[PDB]
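Below you'll find the structure, written out as structure tokens, and then a few comments.
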Amino acid sequence: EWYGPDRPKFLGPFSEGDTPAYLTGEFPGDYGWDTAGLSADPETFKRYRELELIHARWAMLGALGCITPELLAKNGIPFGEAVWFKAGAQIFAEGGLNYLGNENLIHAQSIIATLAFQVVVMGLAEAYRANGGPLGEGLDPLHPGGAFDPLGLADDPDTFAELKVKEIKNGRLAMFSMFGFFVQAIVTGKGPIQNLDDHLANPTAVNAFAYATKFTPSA
Amino acid sequence: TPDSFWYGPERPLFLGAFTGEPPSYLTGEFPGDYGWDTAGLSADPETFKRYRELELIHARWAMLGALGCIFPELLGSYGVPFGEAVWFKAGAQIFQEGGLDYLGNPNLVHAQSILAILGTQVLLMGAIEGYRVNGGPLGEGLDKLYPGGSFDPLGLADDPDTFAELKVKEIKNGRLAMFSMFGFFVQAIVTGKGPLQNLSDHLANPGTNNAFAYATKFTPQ
Amino acid sequence: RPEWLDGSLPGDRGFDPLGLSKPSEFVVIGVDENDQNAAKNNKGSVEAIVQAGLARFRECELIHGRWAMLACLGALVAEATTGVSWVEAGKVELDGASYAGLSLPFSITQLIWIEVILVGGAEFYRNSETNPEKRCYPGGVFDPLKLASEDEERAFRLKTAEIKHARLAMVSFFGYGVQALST
Ligand code: CHL
Ligand code: CHL
Ligand code: CHL
Ligand code: CLA
Ligand code: CLA
Ligand SMILES: CC1=C[C@H](O)CC(C)(C)[C@H]1/C=C/C(C)=C/C=C/C(C)=C/C=C/C=C(C)/C=C/C=C(C)/C=C/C1=C(C)C[C@H](O)CC1(C)C
Ligand SMILES: CC1=C[C@H](O)CC(C)(C)[C@H]1/C=C/C(C)=C/C=C/C(C)=C/C=C/C=C(C)/C=C/C=C(C)/C=C/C1=C(C)C[C@H](O)CC1(C)C
């Protein structure tokens, strides 16, 4: 289970006939889904697993960072804007971007300062991830460990193989939910919890089909 | 490959005479080989098998789609009372008052709920798209693209000389329909009318009702 | 008790008061001469005694009962759900086409053309088979659960279930025929 041919596939019983031969079941999250054939070269397939996991980890920090200012504005905490896709505009406000609501907090004023900080900061860390450096040199670029496993959970590879599967499946949900969040922000214009609440008001009437006539062309 | 004129080294190619030598993996073996792989996307002979079985499924859906987008607008011009005869407005028929009438006829299908349509479709497509992958009632172990048997009841694939000829006709009808269904997409986004309306508007005045009428249409500011 | 039955058959009983499925002998008479250019024309002689359809009769009960089981089960529930008598269908469907209260778009003239193509061609394909056990019991799509892998030729019984229900469904529709015009 989860490795070898005992793994469950992406079509269930329908994928028993045809999975790609190179998707043997020696990597986490392998359900044998390469119907486009984009990874029959194993060097490219080694590159794509890095792309999938880094997209998965940024989507997990994304889907939590998009869900937390809305769930805390529902409690009653005053925010400049709860929704994530209007959450960059607070640095152009009057008082600037306060973190929750206070003034002893961050209190961002200049967008050129906070971006040029990020560019040199993520310029170092992402280059360290591609090469190696002050937190590891010869480590695995997929899963380094050591200083990136402080709590001692990257041990006993029978339960560390399962944590690899728990890593990517939580991520593949989160990537599908950021592209979730991306589309439902464009099509509706309201927040994802704001889309969650009015789907709970009337589920039959308020769904995705209520906005199906929106992008129609008419000149 | 036989001496079938569409196969092998002396086959017609996508720049005619200006094409030179085709790529080394396009040996004239599989149908519709005009030697057009300039991006090199199918240099891997395993991805090239996936792209072949992804082109033809796109081709067979777009051949149904291009016939399926002309036909309600062609009959709609001839007085058949569709709710929306135009294809890209044909989804919104479920949202009007009387529902969705096949052929504009109220005592035909009369769909009222779009969630019943999608719930039926996911169950029925998911059963048969999986049958295309493996097994199934109409054929268990067959070819992935050309299964035949129950999907060739007229026997039009018996002669493998004829069958290799008709596969070229299938892919050229398919690539024409994919290229035209992409035309349906773009010239509905740009113009906003049906493709048979765009045809009859072009035929009424080809000098002004070409695509350069809408060239300044997406101009910024 | 009859002797020409009771074996390899669902209804292994000699019910016959008259023996309709009795294999009878036959004798062939010659053709009488009718040539005028002969002086005398004789009445033909006995030529050939012939030793001699239970397979044909088994098929024909099965077809009638299965149409009856579509008829008896179809007349009780169309009387229940719709609320119209089974004899009245046709008088109310010529006026307005319906199924379970849902209006249908078909003229009554089209129903003749629909039924003689669809039901007719399926009846043209049933007699396109030349094996009397396959004519009675075909395979293929009509056994989707694959019960032909089982056996009923021994004492184990896995077939005599439609044919008893075929019998009284013919009778209960015969009871519908004695009830329609009279009562
Ligand atoms: C046998 C039943 C079964 C079926 C039908 C599926 C189906 C699917 N699984 Mg699988 N699974 C099944 C069993 C199982 N799956 C899984 C575990 C997984 C995982 C982890 C994943 C899948 C995924 C998928 C999808 C991959 C193929 C695809 O992308 O289609 C694409 C085509 C469609 C989905 C059809 C199109 C949608 C719709 C019907 C049309 C609507 C049209 C719109 C209105 C168009 C409008 C657009 C406008 C703008 C033009 C597909 C929906 C993957 C996925 O989620 O990707 C989607 C995925 O990550 N499955 C397990 C546990 C091991 C199963 C157990 O039996
Ligand atoms: C010898 C002359 C000859 C020439 C010049 C071509 C040229 C072409 N053939 Mg070939 N063929 C030729 C002979 C033959 N072809 C074929 C059989 C085929 C087939 C089956 C196919 C082709 C296709 C193609 C195209 C392939 C590459 C491409 O897409 O260009 C890319 C570059 C362009 C298309 C230039 C762009 C045109 C225009 C000037 C730009 C317009 C500018 C817009 C205003 C900008 C838009 C604005 C923005 C903002 C939106 C190309 C147009 C393929 C095709 O149709 O794909 C489209 C194709 O499927 N040919 C046969 C029979 C054997 C030939 C016989 O001699
Ligand atoms: C073949 C797949 C497919 C495509 C291309 C469409 C396309 C469309 N549907 Mg639609 N549908 C499709 C399947 C289905 N639809 C519906 C049910 C509906 C309803 C109820 C409605 C629509 C509407 C629309 C139109 C939205 C207007 C618009 O966005 O303008 C911009 C886009 C275009 C002008 C065309 C460009 C097409 C597209 C961007 C490119 C196609 C490639 C896609 C990215 C592939 C996506 C398919 C995936 C899921 C496999 C749009 C043309 C609405 C409508 O009719 O509004 C007037 C509407 O109300 N659809 C069902 C049943 C659940 C489908 C089943 O598969
Ligand atoms: C729920 C998602 C999830 C899961 C199951 C895993 C699982 C794993 N990761 Mg991955 N990872 C993830 C998300 C996840 N990771 C994300 C989002 C990042 C980016 C920050 C990373 C970055 C990362 C690195 C760099 C490394 C791992 C490693 C590991 C392994 C051991 C550590 C472990 O068991 O953590 C299990 C994790 C959990 C049970 C989640 C706990 C819940 C947290 C606290 C949620 C709260 C988030 C917090 C509020 C936001 C702060 C974010 C901040 C840290 C940036 C194991 C395969 C290490 C490894 O394999 O060593 C060889 C390793 O080197 N991961
Ligand atoms: C890619 C394939 C494709 C797709 C997705 C669509 C999608 C669509 N078509 Mg198009 N169409 C296509 C190909 C396609 N078409 C082709 C190839 C043709 C040419 C034959 C047509 C001709 C066509 C017409 C003429 C109409 C549509 C309509 C529709 C819409 C409703 C679908 C529907 O009613 O299905 C359900 C359809 C069926 C199940 C098949 C038809 C069944 C009819 C009702 C006869 C009933 C069968 C039987 C004789 C009676 C049974 C009796 C019963 C009591 C048991 C939808 C937008 C309708 C619309 O309003 O769009 C504008 C419409 O009227 N289509
Ligand atoms: C598998 C396969 C197979 C075959 O063969 C082929 C194909 C089909 C191609 C394939 C598929 C694929 C896919 C599905 C893909 C997808 C992806 C995604 C979705 C991603 C995302 C991804 C996503 C992501 C990263 C995301 C991220 C995010 C983030 C960071 C966020 C951030 C933020 C926050 C916090 C909040 C604030 O206020 C703002 C912001 C700034 C907004
Ligand atoms: C070859 C090559 C080579 C080099 O190297 C590179 C490159 C260049 C990349 C390449 C190329 C490619 C291409 C050309 C592509 C294209 C494609 C397409 C267009 C597809 C379509 C495709 C398309 C398709 C599928 C389509 C389909 C469709 C359909 C179904 C439809 C449907 C419908 C109908 C009926 C009606 C209604 O009312 C609506 C709807 C719903 C809408």
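Residue numbering for chain C follows Swiss-Prot, covering 59-110, 129-259 in order.
Method of determination (from the header): electron microscopy, 2.7 Å.
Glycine is treated like the rest: Cβ placed from N, Cα and C.
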According to Swiss-Prot, one residue in C:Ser66, C:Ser79, C:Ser103, C:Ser225 is annotated as phosphoserine; name it. C:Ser103
Cross-ref Swiss-Prot: chlorophyll a 1 site C:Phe73, C:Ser79, C:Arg243; candidate in list C:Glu137, C:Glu155, C:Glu164, C:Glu169 matching that site is C:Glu137
In the three-state DSSP scheme, C:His241 (chlorophyll a 4 binding site) belongs to helix
For C:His140 (chlorophyll a 2 binding site), the spatially nearest of the recorded positions C:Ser103, C:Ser183, C:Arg202, C:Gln255, using Cα atoms, is C:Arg202
How far apart, in angstrom, are the most distant Cα atoms among the chlorophyll a 1-binding residues C:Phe73, C:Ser79, C:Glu137, C:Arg243? 17
I need the CA-to-CA distance for C:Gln255 (chlorophyll a 5 binding site) versus C:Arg202 (chlorophyll b 4 binding site), whole Å please. 32
If you measure between the CA atoms of C:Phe73 (chlorophyll a 1 binding site) and C:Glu238 (chlorophyll a 3 binding site) and round to the nearest Å, you get 18
Would you mind listing, in sequence order, the residues at least six apart from C:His241 (chlorophyll a 4 binding site) in the same chain with a Cβ closer than 8 Å to its Cβ? C:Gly141, C:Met145
Output, ordered by sequence, the same-chain residues six or more apart from C:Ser79 (chlorophyll a 1 binding site) with a CB under 8 Å from its CB, or 'none'. C:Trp62, C:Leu63, C:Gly129, C:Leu130, C:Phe133
Output, ordered by sequence, the same-chain residues six or more apart from C:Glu238 (chlorophyll a 3 binding site) with a CB under 8 Å from its CB, or 'none'. C:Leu138, C:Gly141, C:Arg142, C:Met145
